[PDB]
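*Asks:* Dumping the structure here so I can ask a few things about it.
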Amino acid sequence: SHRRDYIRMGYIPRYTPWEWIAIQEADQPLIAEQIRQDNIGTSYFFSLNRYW
Amino acid sequence: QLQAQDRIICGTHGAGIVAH
Amino acid sequence: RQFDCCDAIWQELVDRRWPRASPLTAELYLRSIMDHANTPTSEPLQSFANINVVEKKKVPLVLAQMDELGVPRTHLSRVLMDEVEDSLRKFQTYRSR
Amino acid sequence: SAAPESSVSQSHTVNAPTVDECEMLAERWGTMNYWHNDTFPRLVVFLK
Amino acid sequence: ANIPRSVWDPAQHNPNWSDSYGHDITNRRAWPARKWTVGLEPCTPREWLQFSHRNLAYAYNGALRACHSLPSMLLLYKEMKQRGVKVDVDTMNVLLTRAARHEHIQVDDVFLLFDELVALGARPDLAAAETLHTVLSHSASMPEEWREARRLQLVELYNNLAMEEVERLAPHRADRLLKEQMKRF
Amino acid sequence: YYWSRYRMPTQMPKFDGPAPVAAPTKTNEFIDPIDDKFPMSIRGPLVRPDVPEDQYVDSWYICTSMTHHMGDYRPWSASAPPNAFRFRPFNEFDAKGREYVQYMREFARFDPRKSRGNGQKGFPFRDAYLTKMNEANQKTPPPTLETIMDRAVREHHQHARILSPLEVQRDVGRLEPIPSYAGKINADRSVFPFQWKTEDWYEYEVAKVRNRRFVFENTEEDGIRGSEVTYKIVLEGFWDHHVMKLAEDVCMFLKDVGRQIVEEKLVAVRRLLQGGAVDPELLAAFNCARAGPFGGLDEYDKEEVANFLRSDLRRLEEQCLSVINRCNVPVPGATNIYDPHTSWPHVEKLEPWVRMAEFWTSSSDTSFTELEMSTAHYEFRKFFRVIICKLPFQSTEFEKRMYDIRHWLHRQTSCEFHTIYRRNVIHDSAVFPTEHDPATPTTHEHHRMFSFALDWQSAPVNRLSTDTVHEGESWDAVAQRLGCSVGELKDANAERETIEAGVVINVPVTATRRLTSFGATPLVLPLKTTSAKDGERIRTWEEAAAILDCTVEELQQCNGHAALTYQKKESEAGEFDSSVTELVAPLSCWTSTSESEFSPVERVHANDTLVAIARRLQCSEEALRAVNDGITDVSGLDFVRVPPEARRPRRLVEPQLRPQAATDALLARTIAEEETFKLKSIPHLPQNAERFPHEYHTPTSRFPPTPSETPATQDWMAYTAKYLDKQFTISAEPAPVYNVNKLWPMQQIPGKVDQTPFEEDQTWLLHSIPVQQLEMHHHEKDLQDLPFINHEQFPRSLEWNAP
Amino acid sequence: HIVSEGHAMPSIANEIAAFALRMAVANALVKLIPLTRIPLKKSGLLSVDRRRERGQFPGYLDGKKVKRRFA
Amino acid sequence: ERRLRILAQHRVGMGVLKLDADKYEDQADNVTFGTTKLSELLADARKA
Amino acid sequence: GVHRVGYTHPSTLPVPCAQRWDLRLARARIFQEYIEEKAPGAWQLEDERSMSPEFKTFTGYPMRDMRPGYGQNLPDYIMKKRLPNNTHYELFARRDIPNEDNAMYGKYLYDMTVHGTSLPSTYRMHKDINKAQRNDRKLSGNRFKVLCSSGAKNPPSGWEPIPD
């Protein structure tokens with residue numbers, strides 16, 4: 001953000017800066033199913049049937 | 001193994017290359 | 001204000017699992033991460049939107065780890081729970097939605 | 001300011017035998033290299 | 001914990017992290033290909049296909065022949081040895097003939113040069129043997145013991161040359177040519 | 001205005017002095033006149049600066065090549081290592097030699113036990129391995145007689161040994177040193193040259209192709225290989241340089257993030273290594289076994305548990321240190337990210353998806369020849385790069401930082417996340433026990449088409465965990481009935497100190513004789529009232545429904561016959577039919593018992609003498625004799641009764657099979673309609689359809705047809721004995737007592753007459769084998785319309801893998 | 001020893017494949033012994049011919065080199 | 001091990017049993033089906 | 001040759017083992033398979049074109065099954081066929097429509113949101129502009145065609161068209 005000689009002077013960064021990384025990461029939410037935590041065993045009987 | 005690393009890098013606002 | 005070291009200690013505790021992390025311990029870690037989330041940066045990092053708000057994204061991870069560790073969710077203070085629900089509604093979209 | 005974490009593993013660098021370690025030396029576990037290392041073998045002092 | 005400490009903490013500064021403007025300039029340079037006068041350094045795969053250390057010996061032989069003075073020949077030989085290119089019968093003979101012709105050079109120096117050439121790999125031949133024989137015959141001032149010691153080397157070299165000649169002429173059944181060569185030997 | 005963006009005007013270049021005067025064949029605008037007129041012997045046959053093609057990209061819509069780094073031309077030496085012979089990465093060998101010495105070294109250091117982990121990497125050098133397996137190469141001929149004599153007469157008689165071609169000084173210019181491999185490289189037919197059997201080659205090739213994904217990526221080996229979780233980021237874009245630069249950026253980002261995560265894990269694990277405590281849960285986990293390897297209960301203490309934990313932590317620490325070192329290795333001076341040793345995460349390649357569309361260009365509606373001659377080829381390209389990360393631990397923080405890079409990916413680039421993580425699964429005999437085979441074995445008839453749904457339920461089959469105790473029972477009696485220890489049954493109950501008649505108890509989960517729900521014996525409701533309602537027969541259907549505790553509709557569906565013959569008056573009066581012999585209960589009300597679910601008898605083998613039977617049934621020999629009338633030997637007896645106290649009985653039928661009453665309740669209406677319409681039989685063929693076999697050919701038969709069998713065509717001995725002389729002493733060839741599979745690759749249904757692939761050529765073309773006439777249909781390729789119309793849903797690589 | 005790469009066929013008993021084998025053997029011999037390069041290069045053993053069969057094109061009647069009927 | 005190899009012809013390779021559960025769209029249900037089938041195969045292989 | 005395949009029971013064997021047919025039946029129990037009884041034992045053919053490394057089209061897998069009579073009507077094909085749900089046909093039946101803007105979102109909603117009101121297509125705008133440019137010069141060529149002629153035939157009470 002302090003780079004005055006940007007775009008106009010032909011400066012285009014090769015690596016996306018950490019500030020922009022954090023901004024883009026913080027803009028969107030996280031899917032709660034990506035944690036894939038598992039503590040109890042698999043349900044052999046009811047899990048496949050479930051509800052229609 | 002830079003010499004006087006604490007004073008030059010971690011102690012000086014110019015990192016030893018800025019003439020204040 | 002050593003939230004990185006606080007996170008390191010929390011990870012050490014969740015790797016140990018014998019000290020049996022208390023609701024108070026979980027509340028302290030959550031409050032620390034939320035304070036770090038609300039801490040602003042300097043102007044060069046503040047030219048765009050504030051970047052410390054990303055720290056609230058770690059809250060669902062901590063909640064899942066509390067579920068694994070057996071720390072009750074309701075034992076948290078309601079004042080903390082309001083902000084926890086705020087961060088959840090900001091970074092905890094389900095797959096169905 | 002925090003110095004970077006040391007890249008040297010202490011699980012394979014045997015340190016000098018402290019006077020405090022001698023009391024629990026009879027009640028402590030160690031690998032064969034720990035017992036018979038070139039510098040300060042611990043089995044010798046455990047027998048002594 | 002989002003932005004890693006290793007990018008903003010000066011304690012974890014990388015001691016040997018070069019700047020962005022240095023390495024590119026370092027690799028952009030194209031140094032001159034005339035490191036040595038006789039040959040050109042190859043910069044392209046086609047030039048590398050054409051380039052060979054053995055082939056440089058031919059150009060060095062030509063330049064050595066074009067040289068008119070023994071000091072210039074010695075300088076060119078020093079350049080060739082520093083480059084490490086192959087040394088062969090042609091350069092050995094053209095150097096030995098001028099060393100023998102030159103009078104300011106002690107007769108031991110030419111023998112030392114021949115020994116170092118044969119150590120570098122240039123196989124001896126009959127012309128070089130004749131040149132060394134002439135120098136030995138014109139080495140009166142040197143000790144008789146030195147002359148005898150080098151005579152033993154010369155005669156064993158001639159025997160080796162005769163063995164090589166008979167080996168290379170046996171399959172082709174050129175009895176007359178083999179006898180003619182052995183008459184000279 | 002959205003068009004306000006497309007408004008900026010440009011300015012023409014500024015000329016100086018006069019205009020370029022032309023020269024005072026059609027004048028072609030594209031060709032530069034003076035440059036083309038310039039001689040090639042001076043200007044060189046170059047249209048571009050002599051720079052490696054890696055820096056040049058073929059442009060779009062312009063018939064010229066462009067450069068991604070505009071005007072910044074790196075010389076050839078930039079890519080090559082400093083002072084490289086012929087700009088090679090290694091000046092020792094060329095590309096093909098460098099590739100082949102790898103195979104030679106791998107075969108030199110090969111060990112077959114090391115291939116259990118990897119996939120294609122486990123396969124050794126094909127040529128060397130196959131020529132070693134070839135048994136005709138171990139017999140290396142000695143040097144031949146003439147060569148031996150020539151060498152002898154040259155070395156001894158003629159005093160001049162025959163020099164090998166390597167040591168011959170053929171350089172007339174100079175003497176070359178004798179190479180170390182002049183004659184000391186031993187010659188053996190088993191090592192070189194390679195000669196292998198065709199079948200071995202075929203098997204090796206097909207096995208190598210098939211074993212593509214059979215690689216255990218996450219192992220405990222120390223080094224680059226060996227991790228807890230593996231992540232593969234397959235990033236795809238339109239241009240090779242685009243994906244290369246994106247891969248470099250993502251590699252840098254992942255390097256920093258992974259370094260911070262691994263250093264946090266290290267500073268967390270060093271605390272545990274310094275000191276810690278073992279939890280009672282961990283102690284119980286270590287001491288939960290009923291019997292250790294030493295034949296008895298094992299008592300792991302705090303010290304041993306801590307030692308195991310510390311060993312695991314030491315291994316994890318060394319892996320983390322290796323990861324940190326590999327992360328710190330890359331430097332701006334020399335950054336190589338295509339090898340795992342000097343980079344983390346290392347970046348690998350993948351074959352780009354290239355699809356050539358071939359289409360007409362002319363608009364003519366008459367000339368097919370012109371349309372075909374106007375054909376043009378244009379291809380779509382999708383280039384991908386794969387980034388491989390191998391974390392020695394599973395951390396949700398790294399996944400959070402990794403999944404959130406699609407937000408800031410570069411222009412026109414997508415990403416796929418492959419995750420291979422170790423996960424603990426539980427296998428228990430409680431729901432998947434290891435029992436004996438059923439007394440009546442299932443045949444091919446249970447595995448016909450639609451049998452996956454008609455007569456099979458999804459595993460695991462339920463087994464009752466609750467039981468009802470009878471009046472004549474005790475703790476030991478119920479333990480014997482359920483095949484469990486009385487003490488463990490009492491512990492499972494945990495609340496009943498005494499057992500009373502008609503009490504429901506919980507079956508222990510480890511019992512070996514647990515009953516299966518819905519036993520195979522149907523339940524029939526007797527007509528007798530067994531009450532004071534009528535005294536002779538149940539009258540209404542509501543009475544039977546009340547007795548059986550089931551719905552009237554289900555009662556109607558279970559049998560149907562009562563509904564069909566129901567003698568009901570239309571003036572609101574329903575009565576049971578007097579011709580109803582019995583009333584059957586619905587499947588839902590069925591009950592199961594050990595006597596009706598376990599086989600009371602079992603068949604013995606040839607080599608059984610009252611000991612193997614007891615071992616198999618887990619009963620005592622005395623009990624076996626008591627229940628079989630004290631028989632000393634079972635040589636002459638094939639069926640032996642099983643004592644009720646046996647701890648491992650034999651089941652009548654397979655529990656996973658579906659009872660037929662379920663299908664009856666399914667198609668209840670069909671049975672009722674068949675009874676109403678008196679469907680005795682429905683013929684499917686005419687009277688003499690068997691006269692012409694090829695005429696009908698129902699849509700299930702397959703060619704070639706099998707001719708009717710003959711008695712004595714099995715072997716020449718039997719054929720001669722039966723059809724030739726009738727005096728041959730031996731009936732047939734000596735048949736081994738075991739089973740012989742004539743068609744070894746194919747498992748044919750036993751007891752079925754079938755042929756074998758024909759040994760003779762004549763029968764192959766003289767049999768009733770048809771030929772392809774209509775279009776060829778594949779079970780899956782039919783979605784892809786044709787070889788020309790290749791329908792691809794996604795532009796993924798043809799060599800792409802799904803882990 | 002010869003290892004076939006590219007398009008593999010059951011029988012390669014053809015002059016083109018024989019030429020390829022000859023070139024491979026000559027290159028291997030040159031790599032093994034340096035001075036062998038001169039006779040082979042002067043006899044053209046090492047030289048590579050860039051000729052290849054014309055690629056398929058459906059506009060042609062056969063697909064390679066013959067046009068369609070004209071009236 | 002031999003009985004398991006016979007039961008799973010192509011599902012095993014280089015000593016690494018592999019099952020690609022593709023039955024359900026949801027990976028959560030597919031992993032349940034895969035674990036169930038793996039346990040069933042292991043139970044049937046344990047007859048030895 | 002023609003023969004009946006025997007089956008020696010392990011009990012009847014001198015030493016019992018696990019028969020291959022028993023193991024195959026266990027395999028069919030494990031994975032729900034189909035045992036084709038009418039499958040001949042003499043038609044086991046390997047697709048050498050795609051199973052032998054000799055050919056340039058070698059791939060290692062049996063891409064096609066050598067069966068000239070194998071069509072699509074038969075239930076053997078039907079059982080192992082792949083349904084078109086969620087496939088490239090599913091992609092094509094939704095992505096490929098005349099108006100990709102309408103594919104992304106409703107044109108009326110998009111116009112009402114970003115612009116003021118619904119905007120007509122470029123073709124309709126061309127029609128309206130041509131009518132505007134041609135009505136000024138003359139009014140003879142045009143006619144009156146409308147979807148509902150009821151309003152034109154029975155105009156409201158206070159509808160008096162202006163004479164021209």
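Ordering of the structure tokens sets the chain letters (A, B, ...); residue numbers start at 1 within each chain; ligands are numbered from 1 in the order shown.
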Please check the contacts: residues of chain C at most 8 Å away from chain F, using only C-alpha atoms, listed as a PyMOL selection string.

*Replies:* chain C and resi 8-9+11-12+16+18+58+61

*Asks:* Just the residues within 12 Å of residue 22 of chain D, please, counting only C-alpha atoms, with nothing from its chain fewer than 5 positions along; format it as a list in words.

*Replies:*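 The residues that qualify are residues 16, 17, 27, 28, 42, 43, 44, 45, 46, 47 and 48 of chain D.
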
*Asks:* Please produce a file of the residues just selected, as a PDB file, in the first residue's frame, where the atoms kept are N, CA and C atoms.

*Replies:*
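Now in selection.pdb:
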```pdb
ATOM      1  N   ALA D  16      25.539 -33.076  29.359  1.00  0.00           N
ATOM      2  CA  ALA D  16      26.363 -33.469  30.489  1.00  0.00           C
ATOM      3  C   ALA D  16      25.480 -34.009  31.611  1.00  0.00           C
ATOM      4  N   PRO D  17      25.932 -35.026  32.343  1.00  0.00           N
ATOM      5  CA  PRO D  17      25.109 -35.571  33.429  1.00  0.00           C
ATOM      6  C   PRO D  17      25.047 -34.635  34.624  1.00  0.00           C
ATOM      7  N   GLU D  27      16.201 -44.635  38.578  1.00  0.00           N
ATOM      8  CA  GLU D  27      14.774 -44.690  38.294  1.00  0.00           C
ATOM      9  C   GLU D  27      14.421 -44.042  36.959  1.00  0.00           C
ATOM     10  N   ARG D  28      15.377 -43.951  36.039  1.00  0.00           N
ATOM     11  CA  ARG D  28      15.177 -43.273  34.768  1.00  0.00           C
ATOM     12  C   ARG D  28      15.493 -44.212  33.611  1.00  0.00           C
ATOM     13  N   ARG D  42      26.363 -43.185  31.006  1.00  0.00           N
ATOM     14  CA  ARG D  42      25.581 -43.133  32.236  1.00  0.00           C
ATOM     15  C   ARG D  42      25.605 -44.448  33.002  1.00  0.00           C
ATOM     16  N   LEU D  43      25.828 -45.575  32.325  1.00  0.00           N
ATOM     17  CA  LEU D  43      25.910 -46.836  33.054  1.00  0.00           C
ATOM     18  C   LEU D  43      27.113 -46.860  33.985  1.00  0.00           C
ATOM     19  N   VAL D  44      28.221 -46.241  33.575  1.00  0.00           N
ATOM     20  CA  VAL D  44      29.412 -46.216  34.419  1.00  0.00           C
ATOM     21  C   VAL D  44      29.127 -45.479  35.721  1.00  0.00           C
ATOM     22  N   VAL D  45      28.502 -44.302  35.635  1.00  0.00           N
ATOM     23  CA  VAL D  45      28.211 -43.551  36.854  1.00  0.00           C
ATOM     24  C   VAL D  45      27.112 -44.232  37.663  1.00  0.00           C
ATOM     25  N   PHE D  46      26.158 -44.888  36.995  1.00  0.00           N
ATOM     26  CA  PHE D  46      25.130 -45.631  37.715  1.00  0.00           C
ATOM     27  C   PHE D  46      25.739 -46.765  38.527  1.00  0.00           C
ATOM     28  N   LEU D  47      26.752 -47.433  37.978  1.00  0.00           N
ATOM     29  CA  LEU D  47      27.440 -48.467  38.742  1.00  0.00           C
ATOM     30  C   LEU D  47      28.326 -47.860  39.824  1.00  0.00           C
ATOM     31  N   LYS D  48      28.968 -46.725  39.531  1.00  0.00           N
ATOM     32  CA  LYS D  48      29.866 -46.102  40.499  1.00  0.00           C
ATOM     33  C   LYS D  48      29.116 -45.649  41.743  1.00  0.00           C
TER      34      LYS D  48
END
```

*Asks:* Using only C-alpha atoms, determine which residues lie at most 7 Å from segment 44-46 of chain G, disregarding the query and same-chain residues fewer than 2 positions distant; provide the list as a list in words.

*Replies:* residues 23, 26, 27, 40, 41, 42 and 48 of chain G

*Asks:* Hey, which bits of chain A sit within 9 Å of chain E, and for each residue what's the closest pair of atoms and how far apart in Å (one decimal), counting only C-alpha atoms, rows by chain and increasing number, as CSV?

*Replies:*
```
residue,atom,partner,partner_atom,distance
A:18,CA,E:3,CA,6.6
A:19,CA,E:3,CA,8.3
A:22,CA,E:2,CA,7.3
```

*Asks:* Run DSSP on the backbone of this structure and report the residues of segment 4-51 of chain A it assigns to alpha helix (DSSP H), as JSON, numbers by chain.

*Replies:* {"A": [18, 19, 20, 21, 22, 23, 24, 25, 26, 27, 46, 47, 48, 49]}

*Asks:* Could you write out as a PyMOL selection string the residues of chain F within 10 Å of chain D, counting only C-alpha atoms?

*Replies:* chain F and resi 260+263-264+266-267+270+273-274+303-304+306-307+310-311+313-315+317-318+320-322+324-325

*Asks:* For those residues, write N, CA, C and O atoms to a file as a compact mmCIF listing (two decimals), in the first residue's frame.

*Replies:*
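Saved the output as out30.txt:
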```
# COMPACT_ATOMS: atom_id res chain seq x y z
N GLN F 260 5.74 -22.36 10.01
CA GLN F 260 5.23 -21.86 11.28
C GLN F 260 4.45 -22.95 12.03
O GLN F 260 4.60 -23.09 13.25
N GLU F 263 6.93 -25.56 13.41
CA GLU F 263 7.70 -25.04 14.53
C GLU F 263 6.84 -24.93 15.79
O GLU F 263 7.32 -25.19 16.90
N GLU F 264 5.56 -24.57 15.64
CA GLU F 264 4.66 -24.60 16.79
C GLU F 264 4.50 -26.02 17.33
O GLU F 264 4.55 -26.25 18.54
N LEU F 266 6.64 -28.38 17.09
CA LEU F 266 7.91 -28.78 17.69
C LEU F 266 8.07 -28.18 19.08
O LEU F 266 8.49 -28.87 20.02
N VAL F 267 7.76 -26.89 19.23
CA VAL F 267 7.86 -26.28 20.55
C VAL F 267 6.78 -26.82 21.48
O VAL F 267 6.89 -26.64 22.70
N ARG F 270 8.41 -30.68 22.32
CA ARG F 270 9.59 -30.68 23.18
C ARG F 270 9.21 -30.56 24.65
O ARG F 270 9.91 -31.09 25.52
N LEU F 273 8.36 -34.08 25.59
CA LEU F 273 9.59 -34.85 25.71
C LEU F 273 10.32 -34.52 27.00
O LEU F 273 10.91 -35.41 27.63
N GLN F 274 10.31 -33.25 27.41
CA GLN F 274 10.96 -32.87 28.66
C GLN F 274 10.30 -33.55 29.85
O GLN F 274 10.99 -34.06 30.74
N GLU F 303 5.69 -46.19 33.74
CA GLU F 303 7.00 -46.03 33.11
C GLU F 303 7.00 -46.56 31.69
O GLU F 303 7.49 -45.90 30.77
N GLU F 304 6.44 -47.76 31.48
CA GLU F 304 6.42 -48.33 30.13
C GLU F 304 5.53 -47.51 29.20
O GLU F 304 5.89 -47.29 28.03
N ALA F 306 4.86 -44.32 29.43
CA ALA F 306 5.59 -43.09 29.15
C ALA F 306 6.72 -43.34 28.17
O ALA F 306 7.03 -42.48 27.34
N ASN F 307 7.37 -44.50 28.25
CA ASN F 307 8.43 -44.82 27.30
C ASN F 307 7.89 -44.95 25.88
O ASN F 307 8.49 -44.45 24.93
N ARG F 310 7.10 -41.47 24.70
CA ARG F 310 8.31 -40.71 24.43
C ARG F 310 8.98 -41.17 23.13
O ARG F 310 9.53 -40.35 22.40
N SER F 311 8.94 -42.47 22.84
CA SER F 311 9.47 -42.94 21.56
C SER F 311 8.67 -42.36 20.40
O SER F 311 9.25 -41.89 19.40
N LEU F 313 6.98 -39.58 20.42
CA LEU F 313 7.28 -38.15 20.36
C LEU F 313 8.65 -37.90 19.75
O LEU F 313 8.83 -36.92 19.02
N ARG F 314 9.62 -38.76 20.03
CA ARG F 314 10.94 -38.61 19.43
C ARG F 314 10.87 -38.77 17.91
O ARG F 314 11.49 -38.00 17.16
N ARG F 315 10.13 -39.77 17.44
CA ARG F 315 9.97 -39.95 16.00
C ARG F 315 9.27 -38.75 15.37
O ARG F 315 9.68 -38.26 14.31
N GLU F 317 9.26 -35.72 16.50
CA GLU F 317 10.18 -34.59 16.55
C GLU F 317 11.20 -34.65 15.42
O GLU F 317 11.50 -33.63 14.80
N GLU F 318 11.75 -35.84 15.15
CA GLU F 318 12.72 -35.93 14.06
C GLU F 318 12.06 -35.65 12.72
O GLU F 318 12.65 -34.98 11.86
N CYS F 320 9.47 -33.63 12.27
CA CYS F 320 9.24 -32.19 12.24
C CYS F 320 10.53 -31.43 11.94
O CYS F 320 10.51 -30.43 11.21
N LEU F 321 11.65 -31.87 12.51
CA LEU F 321 12.93 -31.22 12.22
C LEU F 321 13.31 -31.38 10.76
O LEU F 321 13.83 -30.44 10.14
N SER F 322 13.07 -32.56 10.19
CA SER F 322 13.33 -32.74 8.76
C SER F 322 12.47 -31.79 7.93
O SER F 322 12.95 -31.19 6.96
N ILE F 324 11.23 -28.88 8.86
CA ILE F 324 11.72 -27.51 9.04
C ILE F 324 12.97 -27.28 8.22
O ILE F 324 13.14 -26.22 7.59
N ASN F 325 13.89 -28.25 8.21
CA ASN F 325 15.11 -28.09 7.43
C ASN F 325 14.80 -27.99 5.94
O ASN F 325 15.37 -27.14 5.23
```

*Asks:* Kindly provide the residues of chain D that approach chain B to within 12 Å, each paired with its closest atom pair and their distance in Å to one decimal, based on only C-alpha atoms, listed by chain and increasing number, as JSON lines.

*Replies:*
```
{"residue": "D:1", "atom": "CA", "partner": "B:10", "partner_atom": "CA", "distance": 8.2}
{"residue": "D:2", "atom": "CA", "partner": "B:10", "partner_atom": "CA", "distance": 10.5}
{"residue": "D:3", "atom": "CA", "partner": "B:10", "partner_atom": "CA", "distance": 10.5}
```

*Asks:* Would you give me, as JSON, numbers by chain, the residues of chain F that come within 10 Å of chain H, using only C-alpha atoms?

*Replies:* {"F": [115, 116, 117, 118, 119, 120, 122, 123, 207, 210, 211, 212, 213, 214, 215, 216, 425, 426, 427, 428, 429, 431, 432, 433, 434, 435, 436, 437, 458, 459, 460, 802, 803]}

*Asks:* Residues of chain I within 9 Å of chain G, using only C-alpha atoms, as number ranges by chain?

*Replies:* I: 53-58

*Asks:* Could the residues in this selection be written to a file with C-alpha atoms, as an mmCIF file, in the first residue's frame?

*Replies:*
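Contents of selection25.cif, as written:
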```cif
data_model
loop_
_atom_site.group_PDB
_atom_site.id
_atom_site.type_symbol
_atom_site.label_atom_id
_atom_site.label_comp_id
_atom_site.auth_asym_id
_atom_site.auth_seq_id
_atom_site.Cartn_x
_atom_site.Cartn_y
_atom_site.Cartn_z
ATOM 1 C CA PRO I 53 2.082 -54.419 -24.655
ATOM 2 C CA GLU I 54 2.974 -55.289 -28.260
ATOM 3 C CA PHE I 55 0.436 -52.870 -29.738
ATOM 4 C CA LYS I 56 0.818 -49.097 -29.671
ATOM 5 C CA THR I 57 -2.732 -48.880 -28.270
ATOM 6 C CA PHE I 58 -1.858 -50.981 -25.217
#
```

*Asks:* Using Å and a single decimal, report how far atom CA of residue 80 of chain C sits from atom CA of residue 32 of chain C.

*Replies:* 11.0 Å

*Asks:* Hey, what's within 10 Å of segment 22-33 of chain I if we count only C-alpha atoms and toss same-chain stuff fewer than 5 positions away? As a PDB file with C-alpha atoms, in the first residue's frame, please?

*Replies:*
```pdb
ATOM      1  CA  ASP F 437     -20.419 -71.625   7.311  1.00  0.00           C
ATOM      2  CA  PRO F 441     -24.485 -73.553   1.802  1.00  0.00           C
ATOM      3  CA  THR F 442     -25.723 -70.810  -0.490  1.00  0.00           C
ATOM      4  CA  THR F 443     -25.515 -71.677  -4.182  1.00  0.00           C
ATOM      5  CA  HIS F 444     -25.362 -69.736  -7.443  1.00  0.00           C
ATOM      6  CA  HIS F 446     -28.872 -66.874  -4.502  1.00  0.00           C
ATOM      7  CA  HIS F 447     -26.527 -64.682  -6.589  1.00  0.00           C
ATOM      8  CA  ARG F 448     -28.566 -64.286  -9.781  1.00  0.00           C
ATOM      9  CA  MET F 449     -29.673 -60.964 -11.255  1.00  0.00           C
ATOM     10  CA  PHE F 450     -31.597 -58.645  -8.901  1.00  0.00           C
ATOM     11  CA  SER F 451     -30.541 -60.927  -6.032  1.00  0.00           C
ATOM     12  CA  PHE F 452     -28.799 -57.933  -4.441  1.00  0.00           C
ATOM     13  CA  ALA F 453     -32.291 -56.715  -3.499  1.00  0.00           C
ATOM     14  CA  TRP F 456     -30.279 -60.090   0.448  1.00  0.00           C
ATOM     15  CA  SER F 458     -27.448 -54.921   3.762  1.00  0.00           C
ATOM     16  CA  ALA F 459     -24.725 -56.076   6.131  1.00  0.00           C
ATOM     17  CA  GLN F 656     -27.541 -62.241   5.876  1.00  0.00           C
ATOM     18  CA  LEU F 657     -30.001 -64.053   3.599  1.00  0.00           C
ATOM     19  CA  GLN F 747     -14.829 -70.396 -12.016  1.00  0.00           C
TER      20      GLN F 747
ATOM     21  CA  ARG H   3      -8.079 -66.110   2.221  1.00  0.00           C
ATOM     22  CA  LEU H   4      -8.431 -62.317   2.174  1.00  0.00           C
ATOM     23  CA  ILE H   6      -8.537 -64.720  -2.660  1.00  0.00           C
ATOM     24  CA  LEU H   7     -11.715 -62.933  -1.551  1.00  0.00           C
ATOM     25  CA  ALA H   8     -10.491 -59.555  -2.861  1.00  0.00           C
ATOM     26  CA  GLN H   9      -9.066 -60.248  -6.316  1.00  0.00           C
ATOM     27  CA  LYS H  37     -17.768 -53.388   3.662  1.00  0.00           C
ATOM     28  CA  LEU H  38     -14.178 -53.519   4.931  1.00  0.00           C
ATOM     29  CA  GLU H  40     -17.515 -57.494   6.467  1.00  0.00           C
ATOM     30  CA  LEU H  41     -14.662 -58.590   4.193  1.00  0.00           C
ATOM     31  CA  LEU H  42     -12.292 -58.893   7.153  1.00  0.00           C
ATOM     32  CA  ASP H  44     -15.357 -63.303   6.173  1.00  0.00           C
ATOM     33  CA  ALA H  45     -11.594 -63.597   5.655  1.00  0.00           C
TER      34      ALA H  45
ATOM     35  CA  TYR I   7     -17.008 -80.369  -6.843  1.00  0.00           C
ATOM     36  CA  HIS I   9     -16.420 -81.433  -0.728  1.00  0.00           C
TER      37      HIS I   9
END
```
